[PDB]
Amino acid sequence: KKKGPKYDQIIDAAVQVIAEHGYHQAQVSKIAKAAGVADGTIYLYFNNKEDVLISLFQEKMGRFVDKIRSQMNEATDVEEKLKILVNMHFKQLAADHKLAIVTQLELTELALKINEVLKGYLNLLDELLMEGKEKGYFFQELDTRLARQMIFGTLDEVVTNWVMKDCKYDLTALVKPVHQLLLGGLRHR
């Protein structure tokens, strides 16, 4: 279903208030003022703060994935697809520091829901891994589930450390060695 115009507006403002103040100390009224709307307008779109948070994540992630998926199918080799995934992951977060703060630090039943949204990205990883196995790029005895956990767990840990250091350094400088490290492990490159 297509969004109301203010929908996108509240979410954007939600990112800013949550990052700047923290999730617990964020309030619907402060999100309203930041989005430039009346408090009651927010409740037309969302029921409460946690509904804003999950809609935020669902929305941001849905586009995050489709953009990665797009950059991927206009490519040849599957290791360049992996490179594309790794660079699209870092770039999108590098392009939005406040969003990175929300997804890495400010993100119970809540956790379960966040995990469900994440499944879309994990599915994309699975597709990539299945393809690479099938075409003999990745070794064939590779467990797709474990490989997905290694890839996601590594990218997420790199990003989270960057957010902990106040997004100070160039995250996209890590694209190539992360990519290489995923492909060759500790032993090879």
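The first residue of the sequence shown is number 1, and the count goes up from there.
- Deposited sequence between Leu107 and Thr108: 4 to 9 residues lack coordinates.
- If you average the C-alpha B-factors over 108-116 and over 95-103, the higher value belongs to 108-116.
- When the two stretches 64-72 and 119-127 are set side by side, the higher mean Cα temperature factor goes to 64-72.
- Across the residues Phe57, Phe152, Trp162, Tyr45, the deposited record lists the maximum Cα B factor for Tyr45.
- Considering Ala38, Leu146, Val158, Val52 together, the PDB entry gives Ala38 the largest C-alpha B factor.
- Looking at the C-alpha B-factors along this chain, the one for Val78 belongs to the highest third.
- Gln9: CA B factor in the lowest third of modelled residues in this chain (values from the PDB entry).
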